[PDB]
>>> print(open('my_file-v5.cif').read())   # mmCIF, C-alpha atoms and all ligand atoms
data_entry
#
loop_
_atom_site.label_atom_id
_atom_site.label_comp_id
_atom_site.auth_asym_id
_atom_site.auth_seq_id
_atom_site.Cartn_x
_atom_site.Cartn_y
_atom_site.Cartn_z
CA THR K 1 97.63 88.69 103.05
CA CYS K 2 97.94 89.47 106.83
CA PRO K 3 94.78 91.12 107.98
CA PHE K 4 94.93 94.49 109.67
CA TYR K 5 93.41 93.14 112.92
CA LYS K 6 96.63 91.00 113.42
CA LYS K 7 98.95 94.05 113.25
CA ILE K 8 99.88 96.34 116.19
CA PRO K 9 100.28 99.95 114.91
CA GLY K 10 103.38 101.88 115.92
CA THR K 11 105.37 98.71 116.20
CA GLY K 12 106.84 96.05 114.02
CA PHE K 13 104.63 93.49 115.89
CA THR K 14 102.07 90.90 114.82
CA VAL K 15 99.80 88.66 116.93
CA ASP K 16 98.84 85.11 115.92
CA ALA K 17 100.09 85.73 112.34
CA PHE K 18 102.17 82.63 111.41
CA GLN K 19 100.44 81.49 108.18
CA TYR K 20 101.22 84.42 105.82
CA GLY K 21 104.92 83.68 105.23
CA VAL K 22 107.23 86.55 106.09
CA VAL K 23 105.12 89.53 107.06
CA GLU K 24 106.89 92.56 105.63
CA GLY K 25 108.14 94.78 108.43
CA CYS K 26 107.56 92.35 111.34
CA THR K 27 110.35 92.27 113.90
CA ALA K 28 108.57 90.07 116.52
CA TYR K 29 105.72 87.51 116.21
CA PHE K 30 103.59 87.13 119.40
CA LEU K 31 101.59 83.88 119.98
CA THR K 32 98.67 84.21 122.50
CA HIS K 33 98.05 80.47 122.98
CA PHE K 34 98.59 76.96 121.59
CA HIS K 35 95.43 76.43 119.47
CA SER K 36 95.88 75.43 115.80
CA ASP K 37 94.02 78.40 114.11
CA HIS K 38 96.41 80.70 116.03
CA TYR K 39 99.77 78.85 115.64
CA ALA K 40 99.06 77.63 112.11
CA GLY K 41 102.28 77.88 110.21
CA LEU K 42 104.92 77.42 112.95
CA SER K 43 107.48 74.50 112.71
CA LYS K 44 111.21 73.61 113.33
CA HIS K 45 112.06 75.80 110.26
CA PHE K 46 110.79 79.09 111.76
CA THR K 47 113.69 81.58 112.31
CA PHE K 48 112.10 84.79 113.75
CA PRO K 49 111.66 85.63 117.43
CA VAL K 50 108.43 84.23 119.00
CA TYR K 51 107.18 85.79 122.17
CA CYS K 52 104.75 83.84 124.39
CA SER K 53 104.06 82.43 127.82
CA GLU K 54 106.30 79.72 129.46
CA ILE K 55 103.63 77.04 128.89
CA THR K 56 103.10 77.97 125.23
CA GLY K 57 106.95 77.87 124.85
CA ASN K 58 107.06 74.28 126.27
CA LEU K 59 104.47 73.23 123.68
CA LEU K 60 106.29 74.96 120.77
CA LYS K 61 109.57 73.14 121.70
CA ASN K 62 108.07 69.70 122.49
CA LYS K 63 105.14 69.36 120.07
CA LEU K 64 106.17 71.50 117.06
CA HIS K 65 110.01 71.23 117.49
CA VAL K 66 110.61 74.96 117.21
CA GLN K 67 114.26 75.61 118.09
CA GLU K 68 114.95 76.97 121.52
CA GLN K 69 116.99 79.97 120.34
CA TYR K 70 113.80 81.49 118.70
CA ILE K 71 111.46 80.92 121.70
CA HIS K 72 111.19 83.88 124.04
CA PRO K 73 108.97 83.01 127.02
CA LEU K 74 107.87 85.89 129.29
CA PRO K 75 106.56 85.70 132.86
CA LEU K 76 103.06 86.94 133.57
CA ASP K 77 102.13 90.13 135.38
CA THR K 78 105.59 91.58 134.67
CA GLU K 79 106.67 94.69 132.80
CA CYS K 80 109.02 93.48 130.02
CA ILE K 81 110.84 95.34 127.16
CA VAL K 82 110.58 93.85 123.61
CA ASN K 83 112.49 95.63 120.75
CA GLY K 84 112.20 98.80 122.76
CA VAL K 85 108.51 98.58 123.61
CA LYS K 86 107.05 97.91 127.14
CA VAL K 87 104.64 94.84 127.13
CA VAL K 88 102.84 92.84 129.87
CA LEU K 89 101.27 89.32 129.51
CA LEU K 90 98.00 88.74 131.48
CA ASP K 91 96.14 85.52 132.20
CA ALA K 92 93.34 85.19 129.59
CA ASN K 93 91.20 82.49 131.45
CA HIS K 94 91.12 80.46 128.18
CA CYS K 95 93.26 77.23 127.85
CA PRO K 96 96.60 76.53 129.72
CA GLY K 97 99.25 79.10 128.86
CA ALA K 98 96.78 81.53 127.13
CA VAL K 99 97.52 85.20 127.53
CA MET K 100 96.25 88.71 126.79
CA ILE K 101 98.96 91.30 125.80
CA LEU K 102 99.23 94.98 126.85
CA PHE K 103 101.40 97.15 124.58
CA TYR K 104 102.59 100.60 125.74
CA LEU K 105 103.42 102.50 122.50
CA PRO K 106 106.24 105.09 122.48
CA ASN K 107 103.66 107.80 121.56
CA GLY K 108 101.54 107.07 124.77
CA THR K 109 98.80 104.87 123.29
CA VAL K 110 98.01 101.76 125.31
CA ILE K 111 96.62 98.66 123.37
CA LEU K 112 95.15 95.47 124.87
CA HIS K 113 94.91 92.34 122.65
CA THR K 114 92.77 89.79 124.41
CA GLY K 115 93.82 86.80 122.31
CA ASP K 116 91.08 84.19 123.08
CA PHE K 117 89.61 84.87 126.58
CA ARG K 118 86.72 84.21 128.97
CA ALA K 119 86.15 87.63 130.61
CA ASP K 120 85.95 87.53 134.39
CA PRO K 121 85.55 90.18 137.14
CA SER K 122 88.99 89.10 138.51
CA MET K 123 90.52 90.82 135.51
CA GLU K 124 89.22 94.19 136.88
CA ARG K 125 91.94 93.81 139.63
CA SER K 126 94.97 92.93 137.50
CA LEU K 127 97.49 95.49 136.13
CA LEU K 128 94.65 96.58 133.84
CA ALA K 129 93.09 98.71 136.56
CA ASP K 130 96.29 100.95 136.65
CA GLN K 131 95.95 102.89 133.36
CA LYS K 132 93.66 103.72 130.51
CA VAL K 133 93.45 101.49 127.40
CA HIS K 134 92.74 103.34 124.17
CA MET K 135 92.37 100.41 121.69
CA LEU K 136 90.97 96.88 122.38
CA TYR K 137 91.50 93.92 119.99
CA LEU K 138 88.62 91.79 121.25
CA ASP K 139 87.71 88.06 121.15
CA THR K 140 84.10 88.40 119.80
CA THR K 141 83.45 84.62 119.38
CA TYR K 142 80.05 84.79 121.20
CA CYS K 143 79.15 88.47 120.64
CA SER K 144 75.34 88.07 120.35
CA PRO K 145 72.74 88.01 123.17
CA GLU K 146 71.58 84.44 122.49
CA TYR K 147 74.90 83.19 123.84
CA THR K 148 74.30 82.54 127.54
CA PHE K 149 75.96 79.73 129.38
CA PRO K 150 76.49 78.56 132.94
CA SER K 151 79.62 79.11 135.02
CA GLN K 152 82.42 76.60 134.60
CA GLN K 153 81.92 75.65 138.30
CA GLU K 154 78.23 74.72 137.70
CA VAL K 155 79.12 72.62 134.71
CA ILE K 156 81.89 70.65 136.56
CA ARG K 157 79.49 70.08 139.51
CA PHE K 158 76.97 68.49 137.05
CA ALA K 159 79.61 66.30 135.43
CA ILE K 160 81.11 65.10 138.75
CA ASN K 161 77.65 64.16 140.25
CA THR K 162 76.57 62.41 137.02
CA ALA K 163 79.71 60.29 136.72
CA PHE K 164 79.88 59.43 140.46
CA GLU K 165 76.22 58.31 140.47
CA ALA K 166 76.65 56.16 137.29
CA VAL K 167 79.75 54.33 138.35
CA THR K 168 78.49 53.75 141.90
CA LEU K 169 75.32 52.14 140.45
CA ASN K 170 77.36 50.14 137.90
CA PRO K 171 81.06 49.48 138.85
CA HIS K 172 81.55 48.01 135.35
CA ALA K 173 80.75 51.33 133.53
CA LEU K 174 83.54 53.23 131.73
CA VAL K 175 83.64 57.03 131.53
CA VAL K 176 84.98 58.53 128.24
CA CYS K 177 85.74 62.24 127.61
CA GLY K 178 86.48 63.75 124.17
CA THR K 179 89.30 66.22 123.36
CA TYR K 180 90.87 67.79 120.20
CA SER K 181 93.17 70.40 121.61
CA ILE K 182 94.44 71.72 124.93
CA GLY K 183 91.76 73.29 127.18
CA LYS K 184 88.95 72.02 129.35
CA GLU K 185 91.29 69.72 131.38
CA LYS K 186 89.09 70.35 134.47
CA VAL K 187 86.32 68.23 132.95
CA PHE K 188 88.27 64.92 132.83
CA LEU K 189 90.48 65.64 135.85
CA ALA K 190 87.51 66.47 138.14
CA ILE K 191 85.69 63.31 137.07
CA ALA K 192 88.78 61.09 137.59
CA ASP K 193 89.33 62.66 141.04
CA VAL K 194 85.81 61.84 142.32
CA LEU K 195 86.20 58.23 141.02
CA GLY K 196 89.73 57.60 142.45
CA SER K 197 91.10 56.78 139.00
CA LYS K 198 93.83 58.32 136.80
CA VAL K 199 92.89 59.37 133.36
CA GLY K 200 94.15 57.15 130.60
CA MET K 201 95.19 58.50 127.22
CA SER K 202 97.42 58.05 124.19
CA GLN K 203 101.11 58.71 124.38
CA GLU K 204 100.77 61.91 122.20
CA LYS K 205 98.15 63.40 124.58
CA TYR K 206 100.11 62.42 127.70
CA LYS K 207 103.08 64.30 126.26
CA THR K 208 100.89 67.39 125.58
CA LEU K 209 99.65 67.42 129.18
CA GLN K 210 103.18 67.03 130.63
CA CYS K 211 103.99 70.46 129.00
CA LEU K 212 101.34 72.33 131.04
CA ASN K 213 102.87 72.85 134.56
CA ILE K 214 99.76 71.39 136.16
CA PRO K 215 100.66 70.60 139.87
CA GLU K 216 100.79 66.91 140.81
CA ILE K 217 100.03 65.87 137.19
CA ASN K 218 102.05 62.62 137.54
CA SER K 219 99.44 61.60 140.20
CA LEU K 220 96.42 62.20 137.82
CA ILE K 221 97.24 60.94 134.31
CA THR K 222 98.66 57.77 132.79
CA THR K 223 99.27 55.94 129.50
CA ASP K 224 98.09 52.64 130.98
CA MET K 225 94.48 52.43 129.71
CA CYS K 226 93.76 49.16 131.49
CA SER K 227 94.30 50.44 135.04
CA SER K 228 92.05 53.48 134.29
CA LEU K 229 88.27 53.92 134.27
CA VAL K 230 88.25 57.46 132.75
CA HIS K 231 89.51 57.35 129.12
CA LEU K 232 90.26 60.34 126.85
CA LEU K 233 89.68 59.87 123.14
CA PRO K 234 89.72 62.11 120.10
CA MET K 235 86.51 64.16 119.90
CA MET K 236 85.84 62.53 116.46
CA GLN K 237 85.52 59.13 118.21
CA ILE K 238 82.68 60.45 120.58
CA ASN K 239 79.70 58.91 118.74
CA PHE K 240 77.91 55.53 118.96
CA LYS K 241 80.05 53.80 116.24
CA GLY K 242 83.36 55.04 117.71
CA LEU K 243 82.29 54.17 121.27
CA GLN K 244 80.90 50.65 120.51
CA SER K 245 84.25 50.03 118.79
CA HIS K 246 86.24 51.29 121.79
CA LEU K 247 84.15 49.13 124.10
CA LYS K 248 85.15 46.03 122.11
CA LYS K 249 88.82 47.02 122.69
CA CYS K 250 88.60 46.69 126.52
CA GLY K 251 87.90 42.93 126.36
CA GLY K 252 84.81 42.77 128.57
CA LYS K 253 86.30 44.71 131.52
CA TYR K 254 83.29 47.07 130.96
CA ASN K 255 79.64 46.71 129.88
CA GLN K 256 78.43 50.37 129.76
CA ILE K 257 79.93 53.72 128.54
CA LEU K 258 79.03 57.14 129.82
CA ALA K 259 80.65 59.80 127.51
CA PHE K 260 81.03 63.59 127.77
CA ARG K 261 81.39 65.97 124.77
CA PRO K 262 82.38 69.42 126.14
CA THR K 263 80.95 71.60 123.39
CA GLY K 264 81.13 75.41 123.17
CA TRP K 265 77.52 76.59 122.71
CA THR K 266 74.61 74.52 121.41
CA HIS K 267 70.97 75.99 120.90
CA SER K 268 69.58 73.85 123.80
CA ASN K 269 71.17 76.79 125.90
CA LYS K 270 68.42 79.19 124.70
CA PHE K 271 65.82 76.95 126.40
CA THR K 272 67.29 74.42 128.81
CA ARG K 273 69.08 74.79 132.25
CA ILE K 274 72.18 72.73 133.34
CA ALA K 275 70.07 70.80 135.90
CA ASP K 276 67.79 69.72 132.98
CA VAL K 277 70.41 68.28 130.46
CA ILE K 278 69.81 64.72 129.16
CA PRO K 279 71.98 62.33 127.18
CA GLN K 280 71.53 60.66 123.77
CA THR K 281 71.36 56.90 124.42
CA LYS K 282 71.71 53.76 122.22
CA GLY K 283 71.95 50.43 123.92
CA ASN K 284 74.48 50.55 126.78
CA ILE K 285 76.06 53.87 125.51
CA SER K 286 75.03 57.39 126.75
CA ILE K 287 76.58 60.69 125.37
CA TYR K 288 76.23 63.95 127.27
CA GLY K 289 76.89 67.33 125.50
CA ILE K 290 77.92 69.77 128.29
CA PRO K 291 78.32 73.57 127.71
CA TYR K 292 81.80 74.08 129.17
CA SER K 293 83.04 77.31 127.48
CA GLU K 294 86.53 78.84 127.50
CA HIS K 295 85.19 81.97 125.74
CA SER K 296 83.19 84.97 127.19
CA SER K 297 79.39 84.76 127.20
CA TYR K 298 77.69 87.89 125.66
CA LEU K 299 76.99 89.35 129.16
CA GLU K 300 80.59 88.61 130.45
CA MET K 301 82.04 90.30 127.36
CA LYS K 302 79.69 93.33 127.74
CA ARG K 303 80.63 93.81 131.43
CA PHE K 304 84.39 93.66 130.64
CA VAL K 305 84.13 96.25 127.87
CA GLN K 306 81.78 98.61 129.82
CA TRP K 307 84.35 98.38 132.73
CA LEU K 308 87.37 99.05 130.48
CA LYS K 309 85.80 101.86 128.41
CA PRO K 310 88.09 101.65 125.38
CA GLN K 311 88.14 104.47 122.73
CA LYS K 312 88.13 102.00 119.84
CA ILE K 313 87.21 98.28 119.52
CA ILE K 314 88.74 95.98 116.82
CA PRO K 315 87.00 92.56 116.63
CA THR K 316 89.19 89.50 115.90
CA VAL K 317 86.43 86.85 115.48
CA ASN K 318 83.40 86.62 113.09
CA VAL K 319 84.97 89.37 110.90
CA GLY K 320 84.41 87.55 107.65
CA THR K 321 80.83 88.66 106.77
CA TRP K 322 79.36 92.13 106.45
CA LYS K 323 76.23 91.21 108.41
CA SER K 324 78.40 89.90 111.35
CA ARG K 325 80.62 92.94 111.37
CA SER K 326 77.63 95.33 111.23
CA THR K 327 75.78 93.55 114.04
CA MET K 328 78.83 93.58 116.32
CA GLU K 329 79.35 97.34 115.73
CA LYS K 330 75.68 97.93 116.75
CA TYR K 331 76.29 96.10 120.09
CA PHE K 332 79.45 98.09 120.72
CA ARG K 333 77.47 101.42 120.28
CA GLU K 334 74.66 100.27 122.57
CA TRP K 335 77.26 99.39 125.25
CA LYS K 336 78.96 102.74 125.01
CA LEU K 337 75.66 104.73 125.11
CA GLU K 338 74.33 102.71 128.08
CA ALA K 339 77.59 103.23 130.03
CA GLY K 340 78.37 106.81 129.01
CA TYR K 341 81.90 106.66 127.59
NI NI G 401 91.54 79.34 121.38
#
>>> encode(input="my_file-v5.cif", output="structure tokens")
Amino acid sequence: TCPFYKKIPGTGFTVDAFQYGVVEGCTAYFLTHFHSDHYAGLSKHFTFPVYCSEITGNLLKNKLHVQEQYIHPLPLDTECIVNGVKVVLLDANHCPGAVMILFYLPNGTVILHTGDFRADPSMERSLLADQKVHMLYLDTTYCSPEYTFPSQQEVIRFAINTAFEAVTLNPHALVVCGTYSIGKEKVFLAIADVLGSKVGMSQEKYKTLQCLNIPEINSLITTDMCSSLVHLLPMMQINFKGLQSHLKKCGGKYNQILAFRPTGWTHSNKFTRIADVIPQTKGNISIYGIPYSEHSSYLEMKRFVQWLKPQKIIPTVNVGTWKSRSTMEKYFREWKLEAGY
């Protein structure tokens, strides 16, 4: 049944709760972003109101065929009224169109649901600075101190320099980047930009990117693989077998592949720096795993919470085991005692 951490008390609202059938007493279903574990269950047959960002609404209409009359897009950074309750959508610094949601309950309680987010100091100057938040429904994906990772800027710098150097040394090398969802577009777009190429991809993925309101996107992507030297493939295909195969398909236009797999975290982060990453190589194929995260590190998450000083925290990730839940609750108590709220 719908878990309690997907329900907003004092309202008939749910968040990211589309796979439970009809949730008894739900008058409005919010969707934070277009990732499959969150939208799971939506289709052209859904007939309740869905509240979301403009970008998420484009994706619901064009990729899932949800009917327009049930899509309610809201602008960001704007006080809006939904079924008599004041709400605001904030940028979550996750994937395109991802939001956090502030609910102002009739009784005076203020609730923030982060959806999926990568905490950033910029959030400390949004409409969040303007009032107190009593309850926080928190993306705890990486809530343990082993999870450190570099800035997104540092990671894109590494990828751009690596690709530029490789292709300048060998003009017959192909760059391949893996994907399985929206998010992390900067990786492939930054590389294509430094190389003066467009990124080539399947028709389904091209359609997905045309939903995202990215400025000048017609200048950066294409469905013509042959005119492109940065290809996007399914993440499943980013291995030596899948890449040797793909190389055959280009008909000797290329003799070398350099591939990037933008992972979340991998345990080489506990030891190694970004400057010291190395690929796995077989023959003329090299695969780089790069730690490009669209979720908070442990320290980024801790700073956000110690800034916000909520009265109660409700985790939304890693809630399935007692040992995970207990460990997270220990970190929350440390944070509160260190900061004095
Ligand atoms: Ni997500």
>>> residues_around(input="my_file-v5.cif", residues="residue 335 in chain K", least_positions_apart="5", cutoff="10 Å", atoms="only C-alpha atoms", output="list in words")
residues 302, 303, 305, 306, 309, 329, 330, 340 and 341 of chain K
>>> closest_residue(input="my_file-v5.cif", among="K:181, K:323, K:220, K:188", to="residue 205 in chain K", atoms="all atoms listed in the file")
K:181
>>> closest_residue(input="my_file-v5.cif", among="K:92, K:102, K:23, K:17", to="ligand NI 401 (chain G)", atoms="all atoms listed in the file")
K:92
>>> residues_near_ligand(input="my_file-v5.cif", ligand="ligand NI 401 (chain G)", cutoff="8 Å", atoms="all atoms listed in the file", output="VMD selection string")
chain K and resid 33 to 35 37 to 38 94 to 95 115 to 117 294
>>> closest_residue(input="my_file-v5.cif", among="K:29, K:24, K:57, K:48", to="residue 213 in chain K", atoms="only C-alpha atoms")
K:57
>>> atom_distance(input="my_file-v5.cif", atom1="CA of residue 292 in chain K", atom2="CA of residue 314 in chain K")
26.1 Å
>>> residues_near_point(input="my_file-v5.cif", point="(110.1, 75.4, 113.2)", cutoff="7 Å", atoms="only C-alpha atoms", output="list in words")
residues 42, 43, 44, 45, 46, 64, 65, 66 and 67 of chain K
>>> write_last_selection(input="my_file-v5.cif", atoms="C-alpha atoms", output="PDB file, in the frame of the given file")
ATOM      1  CA  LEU K  42     104.920  77.420 112.950  1.00  0.00           C
ATOM      2  CA  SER K  43     107.480  74.500 112.710  1.00  0.00           C
ATOM      3  CA  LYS K  44     111.210  73.610 113.330  1.00  0.00           C
ATOM      4  CA  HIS K  45     112.060  75.800 110.260  1.00  0.00           C
ATOM      5  CA  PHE K  46     110.790  79.090 111.760  1.00  0.00           C
ATOM      6  CA  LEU K  64     106.170  71.500 117.060  1.00  0.00           C
ATOM      7  CA  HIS K  65     110.010  71.230 117.490  1.00  0.00           C
ATOM      8  CA  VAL K  66     110.610  74.960 117.210  1.00  0.00           C
ATOM      9  CA  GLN K  67     114.260  75.610 118.090  1.00  0.00           C
TER      10      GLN K  67
END
>>> closest_residue(input="my_file-v5.cif", among="K:111, K:143, K:155, K:129", to="residue 275 in chain K", atoms="only C-alpha atoms")
K:155
>>> closest_residue(input="my_file-v5.cif", among="K:81, K:139, K:40, K:87", to="residue 297 in chain K", atoms="only C-alpha atoms")
K:139
>>> residues_around(input="my_file-v5.cif", residues="residue 138 in chain K", least_positions_apart="4", cutoff="12 Å", atoms="all atoms listed in the file", output="mmCIF file with C-alpha atoms, keeping the file's coordinate frame")
data_model
loop_
_atom_site.group_PDB
_atom_site.id
_atom_site.type_symbol
_atom_site.label_atom_id
_atom_site.label_comp_id
_atom_site.auth_asym_id
_atom_site.auth_seq_id
_atom_site.Cartn_x
_atom_site.Cartn_y
_atom_site.Cartn_z
ATOM 1 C CA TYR K 5 93.410 93.140 112.920
ATOM 2 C CA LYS K 6 96.630 91.000 113.420
ATOM 3 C CA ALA K 92 93.340 85.190 129.590
ATOM 4 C CA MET K 100 96.250 88.710 126.790
ATOM 5 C CA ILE K 101 98.960 91.300 125.800
ATOM 6 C CA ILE K 111 96.620 98.660 123.370
ATOM 7 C CA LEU K 112 95.150 95.470 124.870
ATOM 8 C CA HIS K 113 94.910 92.340 122.650
ATOM 9 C CA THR K 114 92.770 89.790 124.410
ATOM 10 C CA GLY K 115 93.820 86.800 122.310
ATOM 11 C CA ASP K 116 91.080 84.190 123.080
ATOM 12 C CA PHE K 117 89.610 84.870 126.580
ATOM 13 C CA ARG K 118 86.720 84.210 128.970
ATOM 14 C CA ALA K 119 86.150 87.630 130.610
ATOM 15 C CA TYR K 142 80.050 84.790 121.200
ATOM 16 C CA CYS K 143 79.150 88.470 120.640
ATOM 17 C CA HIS K 295 85.190 81.970 125.740
ATOM 18 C CA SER K 296 83.190 84.970 127.190
ATOM 19 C CA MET K 301 82.040 90.300 127.360
ATOM 20 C CA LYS K 302 79.690 93.330 127.740
ATOM 21 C CA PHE K 304 84.390 93.660 130.640
ATOM 22 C CA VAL K 305 84.130 96.250 127.870
ATOM 23 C CA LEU K 308 87.370 99.050 130.480
ATOM 24 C CA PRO K 310 88.090 101.650 125.380
ATOM 25 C CA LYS K 312 88.130 102.000 119.840
ATOM 26 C CA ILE K 313 87.210 98.280 119.520
ATOM 27 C CA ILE K 314 88.740 95.980 116.820
ATOM 28 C CA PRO K 315 87.000 92.560 116.630
ATOM 29 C CA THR K 316 89.190 89.500 115.900
ATOM 30 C CA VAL K 317 86.430 86.850 115.480
ATOM 31 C CA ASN K 318 83.400 86.620 113.090
ATOM 32 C CA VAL K 319 84.970 89.370 110.900
ATOM 33 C CA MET K 328 78.830 93.580 116.320
ATOM 34 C CA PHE K 332 79.450 98.090 120.720
#
>>> atom_distance(input="my_file-v5.cif", atom1="CA of residue 159 in chain K", atom2="CA of residue 145 in chain K")
25.9 Å
>>> closest_residue(input="my_file-v5.cif", among="K:173, K:122, K:320, K:291", to="residue 250 in chain K", atoms="all atoms listed in the file")
K:173
>>> atom_distance(input="my_file-v5.cif", atom1="CA of residue 247 in chain K", atom2="CA of residue 196 in chain K")
21.0 Å
>>> axis_aligned_box(input="my_file-v5.cif", around="range 55-70 of chain K", padding_each_side="5 Å", output="AutoDock Vina command-line options")
--center_x 110.0 --center_y 75.4 --center_z 123.0 --size_x 23.9 --size_y 22.1 --size_z 21.8
>>> residues_around(input="my_file-v5.cif", residues="range 167-171 of chain K", least_positions_apart="6", cutoff="10 Å", atoms="only C-alpha atoms", output="list in words")
residues 195, 229, 254, 255, 256, 257 and 258 of chain K
>>> residues_around(input="my_file-v5.cif", residues="residue 218 in chain K", least_positions_apart="4", cutoff="12 Å", atoms="all atoms listed in the file", output="ChimeraX atom specification")
/K:198-200,206-207,209-214,222-223
>>> residues_around(input="my_file-v5.cif", residues="residue 88 in chain K", least_positions_apart="3", cutoff="12 Å", atoms="only C-alpha atoms", output="ChimeraX atom specification")
/K:30,51-53,73-82,85,91,99-104,110-114,126-128
>>> residues_near_point(input="my_file-v5.cif", point="(79.0, 69.4, 138.4)", cutoff="12 Å", atoms="only C-alpha atoms", output="PyMOL selection string")
chain K and resi 150-165+186-188+190-191+194+274-275+277+290-292
